[PDB]
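In: whatever this is, show me its structure:
(chains A, B, C, D, E, F, G, H and I)
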Amino acid sequence: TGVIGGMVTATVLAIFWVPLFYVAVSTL
Amino acid sequence: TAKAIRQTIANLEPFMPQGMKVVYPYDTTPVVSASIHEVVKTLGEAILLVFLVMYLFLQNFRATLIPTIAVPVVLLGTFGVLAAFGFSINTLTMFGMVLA
Amino acid sequence: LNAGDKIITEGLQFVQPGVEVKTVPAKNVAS
Amino acid sequence: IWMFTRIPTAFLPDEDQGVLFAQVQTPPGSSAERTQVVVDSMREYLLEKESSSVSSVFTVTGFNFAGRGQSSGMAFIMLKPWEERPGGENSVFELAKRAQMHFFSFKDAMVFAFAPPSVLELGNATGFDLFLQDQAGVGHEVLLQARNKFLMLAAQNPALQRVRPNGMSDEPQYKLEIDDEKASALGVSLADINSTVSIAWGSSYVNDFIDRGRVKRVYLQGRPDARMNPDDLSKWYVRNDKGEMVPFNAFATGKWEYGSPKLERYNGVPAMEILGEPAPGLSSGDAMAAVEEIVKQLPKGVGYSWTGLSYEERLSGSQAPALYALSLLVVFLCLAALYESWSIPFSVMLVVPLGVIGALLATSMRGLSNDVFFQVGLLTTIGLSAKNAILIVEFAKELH
Amino acid sequence: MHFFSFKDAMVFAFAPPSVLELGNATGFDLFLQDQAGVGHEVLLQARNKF
Amino acid sequence: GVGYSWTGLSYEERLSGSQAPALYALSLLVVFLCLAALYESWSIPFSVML
Amino acid sequence: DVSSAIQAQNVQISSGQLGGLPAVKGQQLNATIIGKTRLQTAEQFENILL
Amino acid sequence: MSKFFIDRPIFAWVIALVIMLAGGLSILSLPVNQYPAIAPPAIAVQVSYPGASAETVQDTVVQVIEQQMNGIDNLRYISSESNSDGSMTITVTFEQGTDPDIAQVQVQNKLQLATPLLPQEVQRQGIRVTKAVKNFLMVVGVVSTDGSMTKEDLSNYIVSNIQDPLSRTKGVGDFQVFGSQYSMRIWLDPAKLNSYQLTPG
Amino acid sequence: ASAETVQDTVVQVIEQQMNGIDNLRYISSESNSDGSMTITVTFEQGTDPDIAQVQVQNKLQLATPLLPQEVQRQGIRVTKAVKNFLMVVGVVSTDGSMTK
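Out: Residues are numbered from 1 along each chain as shown, chains lettered A, B, ... in the order given. Below, you will see the structure:
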């Protein structure tokens, strides 16, 4: 359960935030 | 070792008088034999049930059997190297094996 | 001890002196 | 961060295993016949009330894990196999709580019932084990105030269960005092008194004999009718130098005293040991912290020490210096080695709490706790949160 | 062949094997034990029957 | 009532004998794969295997 | 004989039990008999009968 | 390396097959477990006393033997225990990771610094030194089917016939058989002793 | 001493205590009529003998006070001999003065 519940939120969240954090503006 | 104990009794039980018996009031090896075969049946439920998602996403029975020959060939490839460092097969390796 | 006293058999470990308690005729003695 | 400290800690939430331990403790000074009628009354209950789960019960007497003596007995209860007893009520946790509540009907023994942990080479009882390491520097039996705190004053259980002794209470003994002046003034020498009292009651072992081709022993002791009462101390005779028999009560009396039937030495001081389990519903770490409000009532010199299978809870604990602080420290280096930048390996470890935020939720919803399987589960989800990041940031960094 | 002229001694001549640490004679060996509790004489009778 | 046992240099033969049938098939397949690592076929290694 | 008297009067003697097994049927009293113990002070060694 | 094993498929097959087979012949050999060695190493030493008291064997055979094994490397905690039926236990454990045989011989050569303080009637039985962990594995033995067998002759048959084969098989490091063998018990009558002017000596 | 006296006072009492030995294969024993015994115990193949002889001696010292006092003063010997000799030395230079 600790890996199922850990994986499902690592999937349905990080696909929105990893492209949001590659476009962090400090990488000029 | 429990197999050794049971055959040690099973070679010298006829010398024992017929007005006697032997039982096993407390024992832990059916726990081992069940807790190995249960995780074998979870690896069996994780080898074919991971095949359905690739058959669903690739829609081709000739294009989805490529990783299902690749998954049981790395797995027993682990059974050498954990044998190489003196470690034994148990449920603790096999938990990471079901995870892998 | 005197006649008519009620000495305490079974139940000694669970009971300290000065404790309200209820009584039942004991079955551990021979009589 | 708050929900990380909201979860409790544990170690190996244990299994049914089909086994159950049950020890009895009759009051001190009891014979083995008094213990046997409690052990058999416990045995007959499990074979007709709990026949749905209990397969067979093996009861020994004269020996348990607390100690030895005529006032001690224990039972190995082997249950049915896993498919022959369905339903969660047939678990050992639901058999133990309903047999322990029945064992309060047994008045003449502190009967208990408990399970071993999931590991068997480590520990013989589920739950915490704390030792009263009483370093006051006092004399060896003037330390009875440690026992006075050990009885009930360290048993103020808010959310515990089956908090039990592991030693045993001290019992009456019979000090046999022999004056050597009067005894020697009747001609009988004292070494013969020593040999008589050591052979007649102490069961001397003379030499070896052989039967059926195997070497065995030959012992020597008085008959059972002659060593049952203090008046039976006066039934033995010793021969003096003139050749006649003096009775034993012509030069010897008896007097009752009080002494312990078990003495320890734990890490330099005789400690007393306390076993107990957490109540159904809560974990083991909050029980090990709920005894910490009980240990704050304590006299001078004493202290609490976790040991055995509880040694790892207070020697490992949380490995915050090492586990998930140097594990994901080096992945920043090994991704800087492959991404060739400073900020893009920082970005993919910035998304690391988005995996553990539901890893905590699943164990909070199912009701589990922080143990080593939870820790190795989180150590997978670090890599899971990283592999979703790298698979979609590699194409983001090569296409730019 | 010469040692059978000696009437009052079962003289037996032999040689050790090629390796030295294994055995002292050539062939096999067998133990016939008892595990019930029977006597020495019945075991010697079984040895002579063998 | 009595039993028997094996000892000596003739004990290890009872647990597992001369395992030349147990080998020479493992050693056959491991060279069957090794010359197939050179010849890059199935019939061409098998024909030179015998 | 001074050494013999010390070796006879400063001992630790196994004195057994007052209800020790195997007891009679119906025994309800069980205790440990404390016989001779070792002397501790010098005054106990002074009153050793020669 | 890329661009090589893709145009050479048989050479791609053979390495996967031999790395299959080298693991597949390994599962026939290594032992199958359910848990690894999780407990720390620990040895113990026992002796019994016929008809003693608990305070005869507490200050003597425990405390001087206790301190010598403080100084042993790779150690967790030390304990002892002395009982009223005449039994001792001077068990000592270690930290996890040490070899148990050298951990046994370190306590062995450290605890001959207190060896001569022992009486003759229990030096006759000797200090039994084992590597018992804490727990049992299984138990063996039961009553006769047709009755006529007490709780003593079963124990005598167990320790006289099936014990010494059981103590030489593998895995077995300790045994705690509930009972004992026969002994020629002589039961003295005190009234019939002074009828002939005799003593038990 | 006789073979029965040696076997039932020295051999049985020692081999009754030989339990709990690591990698023990078997225990052979023999006792002769001139008052001598051998209890040559063979271990598994692939074991260093230094731990083996001290594991034998730790269980022998458990049994050595059970022996009669006439044989403890002779002195037990525990060796790691293989089976057989390597060399023989020693002879007289024959002058008739020295005997056997």
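
In: would you tell me whether stretch H:44-53 gets close to chain I?
Out: No. Using C-beta under 8 Å from any C-beta of the partner chain, stretch H:44-53 stays clear of chain I, coming no nearer than 10.1 Å. Heads up, the C-betas are built off the backbone N, CA and C, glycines and all.

In: got the end-to-end distance for that stretch?
Out: Here the two ends of stretch H:44-53 are set 21 Å apart, with distance taken as C-alpha to C-alpha, to the nearest Å.

In: burial check on the nearest residue to residue A:6 once chain neighbours are set aside, number of neighbours?
Out: Nearest in space to residue A:6, with sequence neighbours left out and distances taken as C-beta to C-beta, 6 or more residues apart in numbering or on different chains, is residue D:359 at 3.1 Å. Residue D:359 is flanked by 28 other residues according to other C-beta atoms under 10 Å in any protein chain shown.

In: whichever residue of chain A sits closest to chain B: how many residues sit nearby?
Out: Per C-beta to the nearest C-beta, residue A:3 is where chain A lies closest to chain B, at 7.0 Å. By the criterion of other C-beta under 10 Å, residue A:3 has 21 neighbours.

In: contact partners for it?
Out: Residues near residue A:3 by C-beta atoms under 8 Å, 6 or more residues apart in numbering or on different chains: B:99, D:359, D:377, D:380, D:381, D:384.

In: residues from chain G in reach of chain C?
Out: residue G:26.

In: number of nearby residues for the residue of chain G found nearest chain E?
Out: Ranked by C-beta to the nearest C-beta, the top residue of chain G for proximity to chain E is residue G:22, at 26.2 Å. The tally of other residues near residue G:22 (other C-beta under 10 Å) stands at 11.

In: now it. Nearest residue, chain neighbours left out?
Out: residue D:224 is the one closest to residue G:22 (C-beta to C-beta, 6+ apart), at 5.8 Å.

In: then residue H:83?
Out: residue D:68 (4.8 Å).

In: what is the helix or strand in which residue D:257 is found packed up against?
Out: Assessed by DSSP states H and E, residue D:257 sits inside strand D:252-259. Judged by 3 or more C-beta pairs under 8 Å, 6 or more residues apart in numbering or on different chains; DSSP states H and E, the packing partners of strand D:252-259 are strand D:171-178.

In: close to chain H, is the following helix or strand past the strand it packs on?
Out: Per DSSP H and E, the first helix or strand lying C-terminal to strand D:171-178 is helix D:180-184. No. If you take C-beta under 8 Å from any C-beta as the test, helix D:180-184 misses chain H, and the best it gets is 14.5 Å.

In: for stretch G:11-19, same thing?
Out: Yes. Residues of stretch G:11-19 are located near chain H by C-beta under 8 Å from any C-beta, namely G:12, G:14, G:15, G:16, G:17.

In: would you confirm that residue D:190 contacts residue D:180?
Out: Yes. Counting by C-beta atoms under 8 Å, residue D:190 touches residue D:180, with 5.6 Å between them.

In: between the two, which contacts overlap?
Out: G:9, G:49.

In: residues of the strand holding residue D:257 that come out buried?
Out: Of the residues in strand D:252-259, D:252, D:254, D:259 count as buried by neighbour count, 16 or more other C-beta atoms under 10 Å in any protein chain shown.

In: got it, and stretch D:71-88?
Out: D:71, D:72, D:73, D:74, D:75, D:76, D:77, D:78, D:79, D:82, D:85.

In: what is the helix or strand harbouring the third one packed up against?
Out: What that stands for is residue D:73. Element membership for residue D:73, per DSSP H and E: strand D:68-79. Contact here means 3+ C-beta pairs under 8 Å, 6+ apart; on that basis strand D:68-79 packs against strand D:19-25, helix D:32-48, strand D:54-63.

In: surely residue D:346 is in a strand?
Out: No. Residue D:346 is assigned helix when assessed by DSSP: H, G, I helix; E, B strand; the rest coil, not a strand.

In: the residue lying closest to it once chain neighbours are set aside: what secondary structure?
Out: Excluding the flanking residues, the one nearest residue D:346 by C-beta to C-beta, 6+ apart is residue D:332, at 7.1 Å. Look at residue D:332: counting by three-state DSSP, its state is helix.

In: mind listing the strands for chain G?
Out: Here chain G has its strands, by DSSP state E, at G:33-34.

In: pull the longest helix from it.
Out: Looking across chain G with DSSP state H, the single longest helix is helix G:2-9.

In: any bit of that one sitting next to chain H?
Out: No. Residues of helix G:2-9 contacting chain H under C-beta under 8 Å from any C-beta: none, with a closest distance of 12.6 Å.

In: now do the contacts for whatever residue of chain C ends up closest to chain A.
Out: Nearest to chain A, among the residues of chain C, is residue C:14, at 41.9 Å (C-beta to the nearest C-beta). By C-beta under 8 Å, 6+ apart, the contact set of residue C:14 is D:107, D:110.

In: so it is in which element?
Out: Per DSSP H and E, there is no helix or strand for residue C:14.

In: hmm, stretch H:177-190 touching chain D?
Out: Yes. Contact between stretch H:177-190 and chain D is present through H:178, H:181, H:182, H:183, H:184, H:185, H:186, H:187, H:188, H:189, H:190 (criterion: C-beta under 8 Å from any C-beta).
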